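Novice: Residue numbers (PDB author numbering), protein chains in the order written: chain A, 1 to 123; chain B, 1 to 123; chain C, 168 to 665, 751 to 988; chain D, 458 to 553; chain E, 1327 to 1519.
Note that beta-carbon positions come from the ideal geometry of N, C-alpha and C, so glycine has one too.
I have a structure here, written as structure tokens, and I will follow up with some questions on it.
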Amino acid sequence: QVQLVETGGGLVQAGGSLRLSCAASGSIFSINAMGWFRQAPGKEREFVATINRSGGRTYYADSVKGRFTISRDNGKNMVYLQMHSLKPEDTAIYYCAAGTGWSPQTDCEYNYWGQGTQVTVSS
Amino acid sequence: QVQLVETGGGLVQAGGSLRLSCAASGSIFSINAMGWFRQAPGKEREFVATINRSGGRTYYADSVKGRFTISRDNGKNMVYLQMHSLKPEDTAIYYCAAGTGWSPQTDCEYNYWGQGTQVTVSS
Amino acid sequence: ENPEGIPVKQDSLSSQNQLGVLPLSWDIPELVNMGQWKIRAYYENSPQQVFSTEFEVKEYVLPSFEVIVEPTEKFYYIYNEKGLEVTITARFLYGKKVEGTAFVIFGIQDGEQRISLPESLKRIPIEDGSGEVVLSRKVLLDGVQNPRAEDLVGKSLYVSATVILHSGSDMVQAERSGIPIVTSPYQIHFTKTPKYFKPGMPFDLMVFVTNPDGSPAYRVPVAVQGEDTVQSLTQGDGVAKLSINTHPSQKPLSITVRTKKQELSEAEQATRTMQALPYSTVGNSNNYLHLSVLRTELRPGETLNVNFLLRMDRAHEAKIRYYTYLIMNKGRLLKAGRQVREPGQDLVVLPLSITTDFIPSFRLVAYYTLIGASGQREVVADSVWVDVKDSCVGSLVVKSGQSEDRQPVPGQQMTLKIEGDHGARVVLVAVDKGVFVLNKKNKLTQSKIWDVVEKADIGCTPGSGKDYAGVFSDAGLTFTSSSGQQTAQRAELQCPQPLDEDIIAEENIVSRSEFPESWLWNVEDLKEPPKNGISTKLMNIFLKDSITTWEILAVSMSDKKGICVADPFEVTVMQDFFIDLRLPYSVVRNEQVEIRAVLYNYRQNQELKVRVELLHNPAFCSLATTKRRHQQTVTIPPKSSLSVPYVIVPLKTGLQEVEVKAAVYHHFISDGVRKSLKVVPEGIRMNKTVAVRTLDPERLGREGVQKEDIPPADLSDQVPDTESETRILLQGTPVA
Amino acid sequence: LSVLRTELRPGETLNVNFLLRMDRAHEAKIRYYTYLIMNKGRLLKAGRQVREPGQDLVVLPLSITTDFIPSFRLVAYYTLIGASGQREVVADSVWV
Amino acid sequence: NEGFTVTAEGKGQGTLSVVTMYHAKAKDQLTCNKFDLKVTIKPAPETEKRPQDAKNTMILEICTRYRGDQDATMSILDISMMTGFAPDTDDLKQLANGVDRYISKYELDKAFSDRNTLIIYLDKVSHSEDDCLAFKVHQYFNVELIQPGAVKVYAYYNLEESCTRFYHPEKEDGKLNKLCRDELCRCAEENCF
Ligand SMILES: *[C@@H]1O[C@H](CO)[C@@H](O[C@@H]2O[C@H](CO)[C@@H](O[C@@H]3O[C@H](CO)[C@@H](O)[C@H](O)[C@@H]3O)[C@H](O)[C@H]2NC(C)=O)[C@H](O)[C@H]1NC(C)=O
Ligand SMILES: *[C@@H]1O[C@H](CO)[C@@H](O[C@@H]2O[C@H](CO)[C@@H](O[C@@H]3O[C@H](CO)[C@@H](O)[C@H](O)[C@@H]3O)[C@H](O)[C@H]2NC(C)=O)[C@H](O)[C@H]1NC(C)=O
Ligand SMILES: *[C@@H]1O[C@H](CO)[C@@H](O)[C@H](O)[C@H]1NC(C)=O
């Protein structure tokens, strides 16, 4: 089991950029998938991004396809999500999740979760 | 523990109507959600429709939304899909499924599965 | 030494300050016999007592599953009209059910030879890891050329089941032998019972009731014939206690014991008869000692109460003030004491505190002496064999140091917790269970240690003897007195017999590479401070890449406690999707072979679209596409396997590598297996005698010596560029 | 009345040792011990154990059935005619 | 392997037994010593009888005979099919209903696709007559560079003394092309120039 914190949320203007950091306490090298899941106010906790064990396979959701980028660095157990060209519907609490790779676009196999950063883009 | 057979598959033309049935061996009144999931040739098994225990709440995927209808019947323990205006891209294998109601739009909580009927559309 | 018997390795080792453990290794050559090789070790000071073990040398590959052939009963009643119904349980090594096809044949094992029943060959399906077959009774009578049912009793039945997987990629032959044909489901044995009784005392029949294969029976009521009130019950050690009363007259006691099982007829009850002789007093002086132990089974740490009971005249009373007791354990005296007997006490009670050095059994030998009985000295003795429950002297438990709520994965660090004695040296091994599928015998267990100890004791007969010299001789003692009373002559060492989307390049698969059949050959020391005498060591081992069940066996070797073989600890390693590369053992060079990659998918609901790939090796010949690596896409249904075939023509002699990588579409997993296979040239291993010569220096040669010139080998059918091994044997011819 | 057993259960057999202290001018006047079982405040099984002369102790095997729960008092006695000529009753009891 | 010298001196009698173990050449050993197997694949010249309108649809014929004095026991034909090729399920059900050929229930309720390996259990193999069974195979997806399939016949009590033959529509005996000279071979399955 890992402990999982998230850093890098806050106030962002429209059309801007954001960079975060999903920090794992333990070893990242046995975790097959880690993903970013956002939660809008008054809505679900739906899928946004996920990254492979080796970093060679990315899956994004349909609304975030040309604008988001997920990277993984296994040197110090750090998963990074980068936004370019923000739209004001991305105002959400972003959590980072560790799962065993089975169906990586659904939250039901991501066993380990963080607490999330509040990301507010203003328009 | 149910057994779950489905009938109604076949070969229809484009824009036509099709009528699928799924019968359950055991009790259907204690099953919170039942869904239909299709699988394209070459693609994975994604969401199509699901129905509540009482039949009140429906969920559809965002390609079948204006033209599919799922409806339940707790008397003879069995469920229907009704489709009108069938696109050419809907040739699939359709599986009836029964699950606990937790996350009814994803397949990972649907514990009991059928065997599938082939739906082919000519265009 | 080889199955021929000649020693091919000879070694001189010293176990000084090694804490009793000598690790050793030997490389098997490639030019080698096949069969039961043997290891014979002996001490230097005792060079005629040889301790041996056996290991098979065979060309094999590891099986993927085990087959358990279990009959419904562990015998065969000859009048059972339903026949012999057996069950074939085929189970994977990682704990999954096997769908397949079993070919089951039966046969009669008549002594050292066996005959098959070819009309009893059945082909059955195995669904959900189990199948059932029945050998009928009439097939068994017409298969045997001898008439009648009664001559089949004594001969055994064996059943060979050969299980084919549904892919056909692996098969397992498993034989269940030694199913006897009996007219009774039990057997009565008088082996733990004394053969000598004191007349006028109770005689404690210690009746060993057994299943007909040799296993001890349980809850089987037995009774002496003619004494219907003495109905005992068989305990968990298989032996029931029946205390009968003996008349005070010097006659042999004929004891007939029958079972009283309610669910059988009177012809199915096992009987046995014993002639027990009276104890012979000296001068027929009517002086007996009775040694009553009210025992069933004893753990160490508890106590028992030896009841000494005198039987002699009161004219010589108050001349007995003590009974000498001695404990024989493991063939030597463990504790000797006196028990004080004040006059007027007909019975006295001595509490034996059964400590941990009474394992496995002990002999309580007691005696007294008396001078004024008829004018000369008289020694009266008794002995009882008491069975302690056989366990370790110390303890050794190997279990999971972590929580083990998760299932372990190949390559995962796993924490092993070893609980043992303080300062003990713990040696370990972790063995793939397919080795135990192929060969199950010759394994080191604690019960094998205690039957090595129990077969090397110097006591012959349990319980009493013919006279006092018989009691001391059967107990394994020599008593000698200054007056002249002595034990008889013992002079025998033994007891007398009575395209695109490159999903495999995107997922950077490192291949599962290490597949040892045995690993964790480690030596540890429990140097932790003990908590209630138990030291706990945590070890961080790294699991190998085989998907199987590892059996971990540890032996603790302690200076104050001794050797304790632990119970085997099983670690089941399993993924949800994996590759099993079913390579053969050896492949003839320049011939076309087909290898199988069996992809296993164990999801309960979802099918898998798996891209599988054979990597291009230039040592093999295969189909040459524009892309040099050979990949395809398969679909595996849920809870199922799929065999992918690959044809290769190997071109280079030696250990060549086969790599198969697979990645699941729309899921973030992969697997990859790299395994090496031997490529041999087309010839056959075939031995040729260079010479047989007789060495005699006083008859052949000159000047006291004899020069023998070994020629080089005259092989003309040898494969070019291959290795040969010339074996020299010198043997000393015995003269008489 | 020697009973040496730790835990008793129904179905097991309890070997009760009947030991006798007596002077052998009066021996072979005693040929039996009368035993009685008291369970739940009433007599359950009463019997005789036969004792041949010369047997210093005998063993009665009691079949502990399921109606011996929770305990039983085994009461044994014998009788003889002593040196003074009167009847002498010697009894003992154990609680199992 | 060389000439060695032995000096035997002293008093007594001894035995020198010297034996060289080596790899001797095997003659007249094709390793199909217990079974004779003839696997042929022929293109079906009707081109009209199939209902599923497959592309190629050849017919596979397997003729197995036992070597010995008597018929064999329950043997196994393990047919690993070619790439892109699936056996016809109607001839599978017809061969399953024979009195000497058993085809298991798991291999029959499986789909027409994703069944590239087949096991046929023969009750007996004749030692005088070629026991021949044939069934249709369909090309359910066309692929480049069709891998040659294999048919392996073995009795149930021995994985060895089997007979593995290979079949392919364009190569003789299903064998990949290789240039071989004095037991040295190179893979000639590459392009010509
Ligand atoms: C041979 O004779 C000697 C002397 O009688 C025996 O040695 C000593 O025996 C006594 C008991 O008889 C042992 O005492 C016990 O020691 C333990 C641990 O210290 C203590 O907890 C007990 O309360 C008791 O005092 C003593 O250790 C032992 N000494 C040695 C060096 O062994 C010896 O046992 C006799 N051998 C045989 C086979 O009879
Ligand atoms: C009082 O005396 C009578 C007879 O003298 C005793 O009754 C007998 O008790 C035994 C059990 O101790 C009975 O044996 C059982 O018989 C049944 C069949 O009836 C059988 O299935 C059992 O396995 C067992 O053998 C016996 O039949 C019975 N006889 C009579 C005539 O009733 C009684 O126990 C004495 N009571 C006391 C307190 O001494
Ligand atoms: C040597 O060859 C003979 C027959 O050629 C064979 O019977 C024997 O077993 C062989 N010996 C060894 C040690 O392989």
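1) Along the chain, where does the beta strand (DSSP E) that runs through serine 614 of chain C open and close?
2) For the putative contact between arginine 530 of chain C and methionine 581 of chain C, defined by C-beta atoms under 8 Å, what is the C-beta separation to the nearest angstrom?
3) Along the segment 85 to 103 of chain B, where does the CB come closer than 7 Å to a CB of chain A? Name the residues.
4) So, helix, strand or coil for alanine 1380 of chain E, using DSSP?
5) Let me have the residue list for ligand 1: C-beta closer than 7 Å to any non-hydrogen atom, ordered along the chain.
6) Quick one: Cα of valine 271 of chain C to Cα of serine 558 of chain C, how far?
7) For a minimum of 4 consecutive residues, which ranges assigned as the alpha helix (DSSP H) are wholly contained in the segment 302 to 333 of chain C?
8) Kindly indicate which residue of E:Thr1383, E:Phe1411, E:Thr1333 has the alpha-carbon position closest to the one of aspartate 948 of chain C.
9) Identify, in the order they occur along the chain, each residue of the same chain with its Cβ nearer than 6 Å to the Cβ of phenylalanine 222 of chain C, setting aside the five sequence neighbours on each side.
10) Which of the three DSSP states is assigned to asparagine 451 of chain C in this structure?
11) With a threshold of 9 Å between beta carbons, is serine 25 of chain A in contact with chain C?
12) If you measure from the beta carbon of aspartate 513 of chain C to each beta carbon in chain D, is any gap under 9 Å?
13) Can you check DSSP and say which residues form a bridge with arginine 38 of chain B?
14) Are the CB atoms of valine 845 of chain C and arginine 834 of chain C within a distance shorter than 9 Å?
15) Let's test the definition: count the other Cβ atoms within 10 Å of the Cβ of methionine 201 of chain C and tell me whether it reaches 16, buried, or not, exposed.
16) In the segment 18 to 51 of chain B, which residues sit with their C-beta less than 9 Å from some C-beta in chain C, listed in chain order?
17) Measure the CB-CB distance between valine 593 of chain C and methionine 809 of chain C and report whether it falls below 9 Å.
18) Checking contacts by CB at 9 Å: is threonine 106 of chain B closer than that to chain A?
19) Closer than 9 Å, CB to CB, is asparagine 774 of chain C near chain A or not?
20) Check distances from the C-beta atoms of the segment 540 to 552 of chain D to those of chain G and list, in chain order, the residues that come in under 9 Å.
21) What does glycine 468 of chain D reach in chain C if we use C-beta pairs closer than 7 Å?
22) Does the beta carbon of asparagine 1423 of chain E fall short of 8 Å from some heavy atom of ligand 3?
23) Name the residues in the segment 1458 to 1486 of chain E whose C-beta lies less than 9 Å from a C-beta of chain C; which are they?
24) Taking only three categories from DSSP, how would you classify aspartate 1440 of chain E?
25) What first and last residue would you give for the beta strand (DSSP E) that runs through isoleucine 494 of chain C?
26) Note down the Cα distance separating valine 374 of chain C from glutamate 294 of chain C, rounded to an integer number of angstroms.
27) What I want to know is whether the C-beta of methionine 581 of chain C ends up closer than 8 Å to one or more non-hydrogen atoms of ligand 3.
28) Does ligand 3 have even one heavy atom less than 8 Å from the beta-carbon of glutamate 171 of chain C?
29) Along the segment 850 to 870 of chain C, where does the CB come closer than 9 Å to a CB of chain B? Name the residues.
30) Can you name, in chain order, every residue of its own chain whose Cβ lies under 7 Å from the Cβ of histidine 483 of chain C, other than the five neighbours on each side?
31) Can you confirm whether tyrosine 1392 of chain E, when its beta carbon is compared against all beta carbons of chain C, has any partner nearer than 9 Å?
32) With 9 Å as the C-beta to C-beta threshold (strictly closer), list the residues of the segment 272 to 304 of chain C near chain E in chain order.
33) Can you tell me whether DSSP reads residue 450 of chain D as helix, strand or coil?
34) Are the beta-carbon atoms of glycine 345 of chain C and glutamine 280 of chain C separated by less than 9 Å?
35) Kindly indicate which three-state DSSP category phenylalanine 1492 of chain E falls into: helix, strand or coil?
36) Along chain C, which residues have their Cβ under 9 Å away from the Cβ of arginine 53 of chain A?
Specialist: Per the coordinate set shown:
1) Your numbering for residue 614 of chain C matches position 447 in the third sequence. Per DSSP, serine 614 of chain C belongs to no beta strand (DSSP E); it is in the alpha helix (DSSP H), 613 to 621.
2) Translated into positions along the third sequence, residue 530 of chain C becomes position 363. Translated into positions along the third sequence, residue 581 of chain C becomes position 414. About 46 Å separates the two Cβ atoms, so there is no contact after all.
3) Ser103
4) Within the fifth sequence, residue 1380 of chain E is the residue found at index 54, counting from 1. The answer is coil: DSSP assigns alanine 1380 of chain E none of H, G, I, E or B.
5) C:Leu500, C:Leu501, C:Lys502, C:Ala503
6) As a first step, residue 271 of chain C is located in the third sequence; it is residue number 104 there, counting from the start. As a first step, residue 558 of chain C is located in the third sequence; it is residue number 391 there, counting from the start. About 39 Å.
7) 304 to 310
8) For the purposes of this step, residue 948 of chain C is taken as residue 696 along the third sequence, with counting starting at 1. Taking only the C-alpha atoms, the option nearest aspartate 948 of chain C is E:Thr1333.
9) In the third sequence, counting from the first residue as 1, residue 222 of chain C sits at position 55. Excluding sequence neighbours, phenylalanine 222 of chain C sits near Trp204.
10) Against the third sequence, residue 451 of chain C aligns to sequence position 284. In the structure shown, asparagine 451 of chain C sits in a helix (DSSP, three-state: H, G or I).
11) Position 25 of the first sequence, counting from 1, holds the residue named residue 25 of chain A. Closer than 9 Å: no.
12) Sequence index remark: in the third sequence, residue 513 of chain C carries index 346 (1-based). Chain D, which has a Cβ nearer than 9 Å to the Cβ of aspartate 513 of chain C, makes this yes.
13) Walking along the second sequence from the start, residue 38 of chain B turns up at place 38. Beta-bridge pairing links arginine 38 of chain B to B:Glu46, B:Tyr94.
14) Taking the first residue of the third sequence as 1, we reach residue 834 of chain C at position 582. Taking the first residue of the third sequence as 1, we reach residue 845 of chain C at position 593. No, they are not a contact pair.
15) Taking the first residue of the third sequence as position 1, residue 201 of chain C is located at position 34. Label assigned to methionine 201 of chain C: exposed.
16) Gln39, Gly42, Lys43, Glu44, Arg45
17) Along the third sequence, one-based indexing puts residue 593 of chain C at 426. Along the third sequence, one-based indexing puts residue 809 of chain C at 557. Yes. Within cutoff.
18) Taking the second sequence and counting its residues from 1, the one referred to as residue 106 of chain B is at position 106. Closer than 9 Å to some Cβ of chain A, the Cβ of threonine 106 of chain B qualifies, so yes.
19) Along the third sequence, read from residue 1 onward, the residue named residue 774 of chain C stands at position 522. False, the Cβ-Cβ gap to chain A never drops below 9 Å.
20) Here chain G cannot be found, since the structure's protein chains are A, B, C, D and E.
21) For the purposes of this step, residue 468 of chain D is identified with residue 11 of the fourth sequence, where counting begins at 1. Result: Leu400.
22) Here residue 1423 of chain E corresponds to residue number 97 of the fifth sequence, with the count starting at 1. No.
23) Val1469, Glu1470, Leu1471, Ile1472, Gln1473, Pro1474, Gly1475, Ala1476, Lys1478, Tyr1482, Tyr1483, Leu1485
24) The residue you call residue 1440 of chain E lines up with position 114 of the fifth sequence. Residue state, collapsed to three classes: coil.
25) For the purposes of this step, residue 494 of chain C is taken as residue 327 along the third sequence, with counting starting at 1. Taken as a continuous stretch (DSSP letters only), the beta strand (DSSP E) holding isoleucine 494 of chain C covers 489 to 496.
26) In the third sequence, counting from the first residue as 1, residue 374 of chain C sits at position 207. In the third sequence, counting from the first residue as 1, residue 294 of chain C sits at position 127. Approximately 44 Å between the Cα atoms of the pair.
27) Position 414 of the third sequence, counted from the start, is the residue given in the question as residue 581 of chain C. Checking every heavy atom of ligand 3 against the Cβ of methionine 581 of chain C, none is found closer than 8 Å.
28) The residue labelled residue 171 of chain C in the question sits at position 4 within the third sequence. The answer is yes for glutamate 171 of chain C.
29) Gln856, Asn857, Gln858, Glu859, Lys861
30) Position 316 of the third sequence, counted from the start, is the residue given in the question as residue 483 of chain C. Answer for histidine 483 of chain C: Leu537, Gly539, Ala540, listed in chain order.
31) As a first step, residue 1392 of chain E must be located in the fifth sequence, where it is residue number 66. So, not an interface residue.
32) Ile272, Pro285, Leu288, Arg290, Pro292, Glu294
33) The structure shown does not extend to residue 450 of chain D, since chain D is modelled only from 458 through 553, so no value can be given for it.
34) Along the third sequence, read from residue 1 onward, the residue named residue 345 of chain C stands at position 178. Along the third sequence, read from residue 1 onward, the residue named residue 280 of chain C stands at position 113. No.
35) Indexing the fifth sequence from 1 puts residue 1492 of chain E at position 166. Looking at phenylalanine 1492 of chain E - three-state DSSP - the assignment turns out to be strand.
36) Sequence index remark: in the first sequence, residue 53 of chain A carries index 53 (1-based). Those within 9 Å of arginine 53 of chain A in chain C are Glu759, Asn760, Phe920, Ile921, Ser922.
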